[PDB]
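A.B. asks: The structure's right below; bear with me while I get my questions together.
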Amino acid sequence: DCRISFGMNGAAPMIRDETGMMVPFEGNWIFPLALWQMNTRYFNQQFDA
Amino acid sequence: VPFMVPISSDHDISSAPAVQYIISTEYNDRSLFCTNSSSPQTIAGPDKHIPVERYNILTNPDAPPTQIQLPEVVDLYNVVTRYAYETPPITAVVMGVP
Amino acid sequence: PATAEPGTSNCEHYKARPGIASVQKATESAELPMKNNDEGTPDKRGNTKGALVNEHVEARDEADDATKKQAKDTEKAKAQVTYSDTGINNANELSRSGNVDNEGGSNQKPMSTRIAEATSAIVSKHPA
Amino acid sequence: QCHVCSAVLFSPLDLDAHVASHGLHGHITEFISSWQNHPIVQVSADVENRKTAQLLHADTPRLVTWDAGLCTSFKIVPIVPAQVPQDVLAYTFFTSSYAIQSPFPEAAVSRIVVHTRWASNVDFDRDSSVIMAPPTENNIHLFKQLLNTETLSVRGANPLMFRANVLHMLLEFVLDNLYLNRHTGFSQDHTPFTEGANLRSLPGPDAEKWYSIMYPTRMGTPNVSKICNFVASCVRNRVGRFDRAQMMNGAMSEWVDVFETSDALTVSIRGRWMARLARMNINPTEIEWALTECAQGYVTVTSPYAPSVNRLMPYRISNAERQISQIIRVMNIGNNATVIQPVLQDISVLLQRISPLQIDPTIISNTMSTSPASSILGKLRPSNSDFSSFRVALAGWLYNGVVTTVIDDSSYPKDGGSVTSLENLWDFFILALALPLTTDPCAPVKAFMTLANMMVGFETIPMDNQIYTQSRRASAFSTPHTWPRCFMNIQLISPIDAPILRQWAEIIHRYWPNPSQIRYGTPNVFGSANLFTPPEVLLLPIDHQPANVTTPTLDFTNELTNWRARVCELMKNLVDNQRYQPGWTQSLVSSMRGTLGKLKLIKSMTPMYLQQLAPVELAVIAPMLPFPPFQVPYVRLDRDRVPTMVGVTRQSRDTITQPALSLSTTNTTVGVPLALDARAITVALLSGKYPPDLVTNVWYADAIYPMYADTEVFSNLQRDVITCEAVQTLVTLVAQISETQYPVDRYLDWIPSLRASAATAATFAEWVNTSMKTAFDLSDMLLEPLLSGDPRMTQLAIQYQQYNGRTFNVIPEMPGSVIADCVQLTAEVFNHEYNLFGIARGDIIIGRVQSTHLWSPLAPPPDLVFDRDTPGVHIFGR
Amino acid sequence: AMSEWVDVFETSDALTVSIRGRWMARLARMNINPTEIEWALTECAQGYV
Ligand SMILES: [Zn+2]
């Protein structure tokens, strides 16, 4: 599951956890490789900065 | 059907014999708005003032603003709502599942 | 002060495995609406438009026409999915045509001149 | 680039026009993928230079069209001009002089005439207009343009069709006022008779002229006149704006309430067309639910947006409004194969372009590696690559009711054949493996009677009479009144007489594929046109299993592989002991048994495909179709419920009329028949493989996205409301001029007309059709299959019957449409103000009246009229 | 489609109306339908055709 909400009015954008949580772009994450592969261009413009 | 009705006037006129042949049966003189509106009154002619029942929300002192009397007589001064919308195109970000 | 933030750079690495140019050219003709069927219905004057033909002969003619259209769309000479000369005795098949009107009569003569004859049978002229 | 939808925007000073689509302030669809840089957009069909675009071929109707200008249809014209010497000429500034303007014509006689939209700024006009000359000129053009194509006098109007003209005029009058009142800029005033009221200002350079026409209380009371002692009677504060929204976008208020000139009739019509378009909106959250559900879980979509209230996007109708559009589209066909050829043709193309299945016929040649063995290589012809029959056979499962698929007579044996010939045995093998894939309701009876026809003379089975001999061709067992008792009950075939025939009937009754059903689309937001069928099911004549690619090719749980194995075993038992084939000089039993064992044990991923990935692709394709699927239930072998006849009913239920069967009932089968090729279906079944590297989550995620990028569902759902809404305005308007039992309330009867027959009613209904098409800007079909014969109809319905006479009536109720009851409201408005539309009631009196009294013959005194009550009056009739 | 039969109040001649009515009644007794044609040709075929 990958649902990404954009951050309106200075708030940070969030991504959906496996257990239904919405987390900002911090901390330690764990991906499977196929999750990056299916969404490589959409993840490059969000995460590489 | 050809009719032949006279002309209203604001001063007194000279009477003249006029013969007419085709009349109606009931009151069909509703489309007439007003006669000689610039004048103070109408001495000779079919007299008819401004139809006050059509301008209901002005001349009625105890009337709600947004009312109607619709099936009987249409009102020519009402309360209209004006909008300004947008119709955005169908946008979707299509993501893949592993 | 944007110095071209490091998220994006394009080179067209992935190519489509079914192919966008192959799937889209079939979706362009799946998008097409159903062909109109107009014959049997009246125009502004009142005449039922279409051709004058036996209805079953016409319903066999469109089986011929759609078989030839199938043979042309499959890029060959003889059709394989044929719509005529099948196994089924479809002998009561009727289609719409301009032979009958909306009332149930014939259209050997148009309605716009049937009504003209019916009214022109009564005139009245001035005396001499 | 946009940090919301991840779209790359060249020349970054113009992404405001892109982010306006996300609701972020300063054409049709904009889809972007997430794994590649290929965004796909759509555009309308009338435009030119489609560079990186594609069309929307469906006729979307123009629902939302805005309108500035004042909203009325009744204007006031002068008739006889005059001028008076007035006392006040201008106004008092220090050095300026402002003129005196008046809201009304200042003439001697002025009266109200009708012009629809005489002051309006329109972005797309509904090409319809009630334009009336002032009544001193001619006015007979508005009561002649319908049902007077012949007339003895072109300067006249038929007395027998006044109602047929007035109803069409009122339909025009409602049907060209379907606009939305657009907000515009204001301006503050400090005129001494309007203090501080923020008055409306029209668009255009000459904007401030309209204030006298709009606002009658703007001028004061300069002198003594009939206008001035009226302005002296009106109140003052009720002018200009009245209310505004709390929300804004910067400085503009969102919605406003303004006091101005209008008419109650047009504002009442537009205030409910407003609610009609406001009922249909949908947020993008339900769209990202809908496409996720319709993609069958292989693709997750998302659609981000900003919080807004004023967003409008009408795309939501009901199942009841969808099913009637489906019934009109079914009546469109009318038994010609031209209107159903390109549908099935391009669905057969699209399945080939999406499907992973690569059908090459070389697997058969590599297995044979070449006599009975070379004879089947002669019969199958693997040098051919034409496989349209198999894809059309798959595309025909979505249409059980309008079209049916059989096997052509070329695929059958020659004179029925006999088992003594080898070529007829291979004919039987090619036939029996291709028969289960067709929508023929009697495939097993043909599968039995082919072998019973080939076994004539060596063993016999009983039949019901002398007439229908066992040696009857299997082509002609086409309808369930021909199913023999020997097939209906197995126990009548003794194993002593016909052992191989009892084995064949046993194999048919046990191991024939049973029907199943699968869920597609979404019924919550898109609805479903599932007539005769529950709202989320897709009936299939094959069993389906969940999809994996690692299943073995030689499982006999798969019922198609089981079917191929049982047919090969039956033919092995048929060949095994050299009876049934006398005169074969050599011993061909070993070679024939070996070439049957190879065909039983061939590897082929087509039966693996048809139960796992073909229903998934059908469920993905099906809700995006322009003609959504119309199915009638599949039964395996249950004779008592087999459909034979599908018809459409125009009339009501409580009436009894002439039996007007629809044209679609005239088929021998249930629909229009088409013949397939058992050769190509058999070789496509026996061969075919996947690519050696596929992952389904790559292949289908790459095949779904360009297909959904050219969607048209949001235009079809926006057209089905118009198709549903034309039906009420047909059935209500034709019931006024004709006679039916459908009760609608008789809103005008004093206008004379005739009891119209079917031709007159069809001519009237054609104008009712073409006015709505002209206004809503359509080109394709609308409402016209109802025009062909008996347009005096009440209520749409559709039925089908089983074998035993059990019928199923599906009557979709319709919700109340808006054009219907607004026309039937303005008829009741016309009943009280008939004079404004140029019509008078009552009657006339011809006779010499000579006097100097002036009394205006529109209003007679009672001293010289008479009636039937008046004594001494003779009455003449006929 | 074409309706089957209608009744009109036209001018006529009640003798020749009776003649043509009895001629129609003669031709209506001679009437076979395609099902009986199919059965007759099948039984005449001795089941071969
Ligand atoms: Zn964007």
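Simple scheme: letters A, B, ... for chains in structure tokens order, numbers from 1 for residues in each chain, numbers from 1 for ligands in the order shown.
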As a list in words, please: all residues of chain A that backbone DSSP puts in strand (DSSP E).

C.D. replies: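 Here is the list: residues 4, 5, 14, 15, 16, 22 and 23 of chain A.
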
A.B. asks: Could you take the residues named above and write them with C-alpha atoms, as a compact mmCIF listing (two decimals), in the first residue's frame?

C.D. replies:
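Once written, result23.txt looks like this:
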```txt
# COMPACT_ATOMS: atom_id res chain seq x y z
CA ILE A 4 0.82 9.76 -0.51
CA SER A 5 -0.98 12.90 0.63
CA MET A 14 2.78 12.08 4.33
CA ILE A 15 2.88 8.45 3.22
CA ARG A 16 0.65 5.62 4.44
CA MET A 22 0.46 8.56 8.03
CA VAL A 23 4.11 9.43 8.57
```

A.B. asks: Using only C-alpha atoms and all ligand atoms, determine which residues fall within 7 Å of ligand 1, then list them as a ChimeraX atom specification.

C.D. replies: /D:2-7,18-19,22

A.B. asks: Go ahead and save the residues from that selection, with C-alpha atoms, as a compact mmCIF listing (two decimals), in the first residue's frame.

C.D. replies:
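Full text of selection02.txt as output:
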```
# COMPACT_ATOMS: atom_id res chain seq x y z
CA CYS D 2 4.35 20.01 -9.86
CA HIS D 3 5.00 18.58 -6.39
CA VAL D 4 1.47 17.12 -6.21
CA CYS D 5 0.88 14.88 -9.23
CA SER D 6 4.61 14.59 -10.12
CA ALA D 7 4.12 16.12 -13.57
CA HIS D 18 -1.81 22.96 -14.58
CA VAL D 19 -2.32 23.38 -10.83
CA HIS D 22 -5.91 20.40 -8.78
```

A.B. asks: Could you list, as a VMD selection string, every residue within 12 Å of residue D:557, counting only C-alpha atoms and ignoring same-chain residues fewer than 6 positions away?

C.D. replies: chain D and resid 511 513 543 to 545 551 563 565 607 to 608 611

A.B. asks: Per residue of chain C within 9 Å of chain E, note the shortest atom pair and the distance in Å to one decimal, counting only C-alpha atoms, and order the rows by chain and increasing residue number, as CSV.

C.D. replies:
```
residue,atom,partner,partner_atom,distance
C:55,CA,E:1,CA,7.9
C:94,CA,E:1,CA,8.1
C:95,CA,E:1,CA,8.5
C:96,CA,E:1,CA,7.6
C:97,CA,E:1,CA,8.7
C:99,CA,E:1,CA,8.3
C:100,CA,E:2,CA,5.9
C:101,CA,E:1,CA,8.1
C:102,CA,E:1,CA,8.6
C:103,CA,E:3,CA,8.7
C:104,CA,E:2,CA,5.1
C:105,CA,E:2,CA,6.1
C:106,CA,E:2,CA,7.1
```

A.B. asks: Pull out every residue of chain C that has at least one atom within 6 Å of chain D, counting only C-alpha atoms, and report them as a PyMOL selection string.

C.D. replies: chain C and resi 23-24+26+30+32+35-36+40-41+45-46+59+62-63+66+81-83+86-87+90+92-93+95+102-103

A.B. asks: Neighbouring residues of residue B:47 were defined as those with any atom within 10 Å, considering only C-alpha atoms; residues of the same chain fewer than 6 positions away were excluded. Please report them as a PyMOL selection string.

C.D. replies: (chain B and resi 8-9+34-36+41) or (chain D and resi 855)

A.B. asks: Emit the selected residues as a CSV table (one decimal), in the first residue's frame, including N, CA, C and O atoms.

C.D. replies:
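The resulting file, out21.csv, is reproduced below:
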```
chain,number,residue,atom,x,y,z
B,8,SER,N,-55.5,55.3,-27.2
B,8,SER,CA,-55.7,56.2,-26.0
B,8,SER,C,-55.1,57.6,-26.3
B,8,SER,O,-54.3,57.8,-27.2
B,9,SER,N,-55.6,58.5,-25.5
B,9,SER,CA,-55.1,59.9,-25.6
B,9,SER,C,-55.2,60.6,-24.2
B,9,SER,O,-56.0,60.2,-23.4
B,34,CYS,N,-49.3,49.2,-20.5
B,34,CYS,CA,-49.8,50.5,-20.0
B,34,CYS,C,-50.1,51.4,-21.2
B,34,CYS,O,-49.6,51.2,-22.3
B,35,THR,N,-51.0,52.4,-20.9
B,35,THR,CA,-51.3,53.3,-21.9
B,35,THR,C,-50.8,54.7,-21.5
B,35,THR,O,-50.8,55.0,-20.3
B,36,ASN,N,-50.2,55.4,-22.5
B,36,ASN,CA,-49.6,56.8,-22.5
B,36,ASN,C,-48.9,57.1,-21.2
B,36,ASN,O,-49.3,58.1,-20.5
B,41,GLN,N,-52.7,61.4,-17.0
B,41,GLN,CA,-53.8,60.4,-17.0
B,41,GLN,C,-54.2,60.2,-18.4
B,41,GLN,O,-53.6,60.7,-19.4
D,855,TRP,N,-64.5,51.3,-27.0
D,855,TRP,CA,-64.4,50.4,-25.9
D,855,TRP,C,-63.4,49.2,-26.1
D,855,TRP,O,-63.4,48.3,-25.3
```

A.B. asks: Run DSSP on the backbone and tell me which residues of chain B come out as helix (DSSP H, G or I); list them as a PyMOL selection string.

C.D. replies: chain B and resi 56-59

A.B. asks: Show me, as CSV, the residues of chain A having an atom within 8 Å of chain D, each with the closest atom pair and its distance in Å, using only C-alpha atoms.

C.D. replies:
```
residue,atom,partner,partner_atom,distance
A:3,CA,D:302,CA,7.5
A:5,CA,D:304,CA,7.3
A:6,CA,D:4,CA,5.9
A:37,CA,D:35,CA,7.5
A:38,CA,D:35,CA,5.9
A:39,CA,D:35,CA,4.7
A:40,CA,D:35,CA,5.1
A:41,CA,D:35,CA,5.0
A:42,CA,D:34,CA,4.8
A:45,CA,D:6,CA,6.6
A:46,CA,D:3,CA,7.5
```

A.B. asks: Since we have the selection now, will you write its residues out, keeping N, CA and C atoms, as a PDB file, in the first residue's frame?

C.D. replies:
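And here's again.pdb as it stands now:
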```pdb
ATOM      1  N   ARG A   3      -0.194   5.246  -0.393  1.00  0.00           N
ATOM      2  CA  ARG A   3      -1.009   6.431  -0.605  1.00  0.00           C
ATOM      3  C   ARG A   3      -0.239   7.615  -0.050  1.00  0.00           C
ATOM      4  N   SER A   5      -0.272  11.631   0.566  1.00  0.00           N
ATOM      5  CA  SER A   5      -0.976  12.901   0.632  1.00  0.00           C
ATOM      6  C   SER A   5       0.011  14.047   0.481  1.00  0.00           C
ATOM      7  N   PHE A   6      -0.358  15.035  -0.322  1.00  0.00           N
ATOM      8  CA  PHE A   6       0.502  16.193  -0.487  1.00  0.00           C
ATOM      9  C   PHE A   6       0.359  17.124   0.711  1.00  0.00           C
ATOM     10  N   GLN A  37      10.177  -0.399  -7.661  1.00  0.00           N
ATOM     11  CA  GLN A  37      10.201  -0.628  -9.102  1.00  0.00           C
ATOM     12  C   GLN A  37       8.875  -0.268  -9.756  1.00  0.00           C
ATOM     13  N   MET A  38       7.758  -0.546  -9.087  1.00  0.00           N
ATOM     14  CA  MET A  38       6.465  -0.237  -9.684  1.00  0.00           C
ATOM     15  C   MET A  38       6.160   1.252  -9.691  1.00  0.00           C
ATOM     16  N   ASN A  39       6.861   2.046  -8.890  1.00  0.00           N
ATOM     17  CA  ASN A  39       6.555   3.460  -8.733  1.00  0.00           C
ATOM     18  C   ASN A  39       7.835   4.284  -8.717  1.00  0.00           C
ATOM     19  N   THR A  40       8.777   3.938  -9.600  1.00  0.00           N
ATOM     20  CA  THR A  40      10.105   4.547  -9.590  1.00  0.00           C
ATOM     21  C   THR A  40      10.114   6.039  -9.920  1.00  0.00           C
ATOM     22  N   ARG A  41       9.335   6.499 -10.900  1.00  0.00           N
ATOM     23  CA  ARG A  41       9.410   7.915 -11.233  1.00  0.00           C
ATOM     24  C   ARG A  41       8.621   8.754 -10.244  1.00  0.00           C
ATOM     25  N   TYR A  42       7.520   8.214  -9.727  1.00  0.00           N
ATOM     26  CA  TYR A  42       6.756   8.940  -8.725  1.00  0.00           C
ATOM     27  C   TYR A  42       7.492   8.999  -7.398  1.00  0.00           C
ATOM     28  N   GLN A  45      10.772  11.852  -7.595  1.00  0.00           N
ATOM     29  CA  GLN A  45      10.504  13.270  -7.434  1.00  0.00           C
ATOM     30  C   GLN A  45      10.028  13.618  -6.036  1.00  0.00           C
ATOM     31  N   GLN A  46       9.647  12.623  -5.240  1.00  0.00           N
ATOM     32  CA  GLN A  46       9.193  12.876  -3.883  1.00  0.00           C
ATOM     33  C   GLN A  46      10.283  12.665  -2.844  1.00  0.00           C
TER      34      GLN A  46
END
```

A.B. asks: As number ranges by chain, could you give me every residue of chain A near chain C (at most 6 Å apart, counting only C-alpha atoms)?

C.D. replies: A: 44-45, 48-49

A.B. asks: Between atom CA of residue D:284 and atom CA of residue D:696, what is the distance, to one decimal in Å?

C.D. replies: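 For atom CA of residue D:284 relative to atom CA of residue D:696, the distance reads 27.9 Å.
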
A.B. asks: Name the residues in contact with stretch 13-22 of chain B at a cut-off of 12 Å, using only C-alpha atoms, excluding same-chain residues fewer than 3 positions from it; report them as a PyMOL selection string.

C.D. replies: (chain B and resi 1-10+25+42-45) or (chain D and resi 843-860+865)

A.B. asks: Can I get the selection written as a tab-separated table (two decimals), in the first residue's frame, with N, CA, C and O atoms?

C.D. replies:
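Okay, part-v4.tsv is ready:
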```
chain	number	residue	atom	x	y	z
B	1	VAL	N	-57.03	36.46	-36.78
B	1	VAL	CA	-58.28	37.21	-36.72
B	1	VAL	C	-58.00	38.70	-36.60
B	1	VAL	O	-57.37	39.13	-35.62
B	2	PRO	N	-58.45	39.52	-37.55
B	2	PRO	CA	-58.14	40.96	-37.48
B	2	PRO	C	-59.05	41.68	-36.50
B	2	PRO	O	-60.28	41.63	-36.59
B	3	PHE	N	-58.44	42.37	-35.55
B	3	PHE	CA	-59.14	43.23	-34.61
B	3	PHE	C	-58.91	44.68	-34.98
B	3	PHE	O	-58.10	45.01	-35.85
B	4	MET	N	-59.65	45.57	-34.32
B	4	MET	CA	-59.53	46.99	-34.63
B	4	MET	C	-59.88	47.76	-33.36
B	4	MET	O	-61.06	48.03	-33.10
B	5	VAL	N	-58.87	48.11	-32.57
B	5	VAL	CA	-59.10	48.78	-31.30
B	5	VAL	C	-58.64	50.23	-31.42
B	5	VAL	O	-57.78	50.53	-32.25
B	6	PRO	N	-59.21	51.17	-30.66
B	6	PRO	CA	-58.78	52.56	-30.81
B	6	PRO	C	-57.50	52.89	-30.07
B	6	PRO	O	-56.84	52.01	-29.51
B	7	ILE	N	-57.14	54.17	-30.07
B	7	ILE	CA	-55.88	54.65	-29.51
B	7	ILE	C	-56.21	55.56	-28.33
B	7	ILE	O	-57.07	56.43	-28.44
B	8	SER	N	-55.53	55.34	-27.21
B	8	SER	CA	-55.71	56.19	-26.04
B	8	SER	C	-55.13	57.58	-26.28
B	8	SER	O	-54.31	57.80	-27.18
B	9	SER	N	-55.57	58.54	-25.47
B	9	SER	CA	-55.10	59.91	-25.59
B	9	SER	C	-55.21	60.59	-24.24
B	9	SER	O	-56.00	60.20	-23.38
B	10	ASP	N	-54.41	61.64	-24.05
B	10	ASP	CA	-54.34	62.34	-22.78
B	10	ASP	C	-55.18	63.61	-22.73
B	10	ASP	O	-55.35	64.18	-21.65
B	25	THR	N	-65.17	37.51	-26.95
B	25	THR	CA	-66.23	37.15	-26.02
B	25	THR	C	-65.86	37.43	-24.57
B	25	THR	O	-66.66	37.98	-23.82
B	42	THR	N	-55.34	59.46	-18.61
B	42	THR	CA	-55.89	59.15	-19.93
B	42	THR	C	-57.35	59.56	-19.93
B	42	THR	O	-58.17	58.96	-19.23
B	43	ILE	N	-57.69	60.57	-20.73
B	43	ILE	CA	-59.06	61.06	-20.77
B	43	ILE	C	-59.93	60.15	-21.62
B	43	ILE	O	-60.97	59.65	-21.17
B	44	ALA	N	-59.53	59.90	-22.86
B	44	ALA	CA	-60.26	59.01	-23.75
B	44	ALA	C	-59.34	57.89	-24.20
B	44	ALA	O	-58.15	58.10	-24.44
B	45	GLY	N	-59.91	56.69	-24.31
B	45	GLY	CA	-59.15	55.52	-24.65
B	45	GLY	C	-59.35	54.44	-23.62
B	45	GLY	O	-59.93	54.68	-22.55
D	843	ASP	N	-64.28	32.84	-27.96
D	843	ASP	CA	-64.62	32.86	-29.37
D	843	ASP	C	-64.99	34.28	-29.77
D	843	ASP	O	-64.86	35.22	-28.99
D	844	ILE	N	-65.44	34.43	-31.01
D	844	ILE	CA	-65.68	35.74	-31.59
D	844	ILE	C	-67.17	35.91	-31.88
D	844	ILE	O	-67.95	34.96	-31.83
D	845	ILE	N	-67.56	37.14	-32.19
D	845	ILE	CA	-68.91	37.47	-32.63
D	845	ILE	C	-68.80	38.40	-33.83
D	845	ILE	O	-68.27	39.51	-33.70
D	846	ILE	N	-69.30	37.97	-34.98
D	846	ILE	CA	-69.27	38.76	-36.20
D	846	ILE	C	-70.61	39.46	-36.36
D	846	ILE	O	-71.66	38.80	-36.40
D	847	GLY	N	-70.59	40.78	-36.45
D	847	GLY	CA	-71.82	41.51	-36.69
D	847	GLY	C	-71.58	43.00	-36.68
D	847	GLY	O	-70.60	43.49	-36.10
D	848	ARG	N	-72.50	43.72	-37.30
D	848	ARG	CA	-72.36	45.16	-37.49
D	848	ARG	C	-72.65	45.89	-36.19
D	848	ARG	O	-73.75	45.79	-35.64
D	849	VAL	N	-71.65	46.62	-35.69
D	849	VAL	CA	-71.80	47.49	-34.53
D	849	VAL	C	-71.27	48.86	-34.93
D	849	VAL	O	-70.07	49.03	-35.14
D	850	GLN	N	-72.16	49.84	-35.02
D	850	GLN	CA	-71.82	51.18	-35.47
D	850	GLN	C	-72.19	52.18	-34.38
D	850	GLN	O	-73.38	52.46	-34.18
D	851	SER	N	-71.19	52.71	-33.70
D	851	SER	CA	-71.41	53.73	-32.69
D	851	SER	C	-70.12	54.50	-32.48
D	851	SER	O	-69.04	54.05	-32.86
D	852	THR	N	-70.25	55.68	-31.88
D	852	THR	CA	-69.09	56.51	-31.56
D	852	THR	C	-68.45	56.13	-30.24
D	852	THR	O	-67.45	56.74	-29.86
D	853	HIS	N	-69.01	55.15	-29.53
D	853	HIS	CA	-68.39	54.67	-28.31
D	853	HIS	C	-67.11	53.91	-28.63
D	853	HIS	O	-67.08	53.05	-29.52
D	854	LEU	N	-66.05	54.24	-27.91
D	854	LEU	CA	-64.79	53.51	-27.97
D	854	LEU	C	-64.69	52.60	-26.75
D	854	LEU	O	-64.88	53.05	-25.62
D	855	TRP	N	-64.51	51.31	-26.99
D	855	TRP	CA	-64.40	50.38	-25.88
D	855	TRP	C	-63.45	49.21	-26.12
D	855	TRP	O	-63.43	48.30	-25.29
D	856	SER	N	-62.62	49.24	-27.18
D	856	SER	CA	-61.53	48.30	-27.41
D	856	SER	C	-61.95	46.83	-27.45
D	856	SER	O	-61.94	46.16	-26.42
D	857	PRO	N	-62.36	46.31	-28.63
D	857	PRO	CA	-62.93	44.95	-28.74
D	857	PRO	C	-62.17	43.75	-28.18
D	857	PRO	O	-62.65	42.62	-28.35
D	858	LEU	N	-61.01	43.92	-27.55
D	858	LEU	CA	-60.49	42.85	-26.70
D	858	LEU	C	-61.29	42.68	-25.41
D	858	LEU	O	-61.18	41.63	-24.77
D	859	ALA	N	-62.09	43.67	-25.02
D	859	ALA	CA	-62.84	43.62	-23.77
D	859	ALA	C	-64.29	44.02	-24.01
D	859	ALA	O	-64.64	45.20	-23.89
D	860	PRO	N	-65.16	43.07	-24.33
D	860	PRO	CA	-66.55	43.42	-24.69
D	860	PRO	C	-67.40	43.70	-23.46
D	860	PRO	O	-67.21	43.10	-22.40
D	865	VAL	N	-73.16	40.62	-26.10
D	865	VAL	CA	-72.74	39.25	-26.30
D	865	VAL	C	-73.89	38.34	-25.91
D	865	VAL	O	-74.84	38.74	-25.22
```

A.B. asks: Which residues, written as a short mmCIF file (atom, residue, chain, number, x, y, z; two decimals) with N, CA, C and O atoms, in the first residue's frame, have at least one atom at most 9 Å from residue D:214, with only C-alpha atoms counted and residues fewer than 4 positions away on the same chain left out?

C.D. replies:
```
data_model
loop_
_atom_site.label_atom_id
_atom_site.label_comp_id
_atom_site.auth_asym_id
_atom_site.auth_seq_id
_atom_site.Cartn_x
_atom_site.Cartn_y
_atom_site.Cartn_z
N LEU D 70 -29.44 39.72 -17.91
CA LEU D 70 -30.63 39.57 -17.10
C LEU D 70 -31.48 38.42 -17.62
O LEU D 70 -31.57 38.19 -18.83
N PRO D 103 -37.36 53.10 -17.30
CA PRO D 103 -37.33 51.65 -17.51
C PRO D 103 -38.31 51.17 -18.56
O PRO D 103 -38.11 50.09 -19.13
N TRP D 210 -27.52 49.74 -19.06
CA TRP D 210 -28.56 48.80 -18.67
C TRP D 210 -29.20 49.11 -17.33
O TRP D 210 -30.13 48.39 -16.96
N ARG D 218 -34.39 53.43 -10.00
CA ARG D 218 -33.19 54.25 -10.09
C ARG D 218 -33.53 55.68 -10.45
O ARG D 218 -33.01 56.62 -9.84
N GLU D 260 -33.31 42.38 -9.15
CA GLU D 260 -33.22 42.96 -10.48
C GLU D 260 -34.45 42.54 -11.26
O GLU D 260 -35.30 41.80 -10.77
N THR D 261 -34.55 43.02 -12.50
CA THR D 261 -35.62 42.56 -13.36
C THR D 261 -35.32 41.16 -13.86
O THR D 261 -34.16 40.78 -14.07
N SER D 262 -36.37 40.38 -13.99
CA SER D 262 -36.34 38.98 -14.40
C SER D 262 -37.78 38.61 -14.68
O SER D 262 -38.64 39.48 -14.84
#
```

A.B. asks: Find the distance between atom CA of residue D:869 and atom CA of residue D:831 and write it in Å to one decimal.

C.D. replies: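 Value for the atom CA of residue D:869-atom CA of residue D:831 distance: 25.2 Å.
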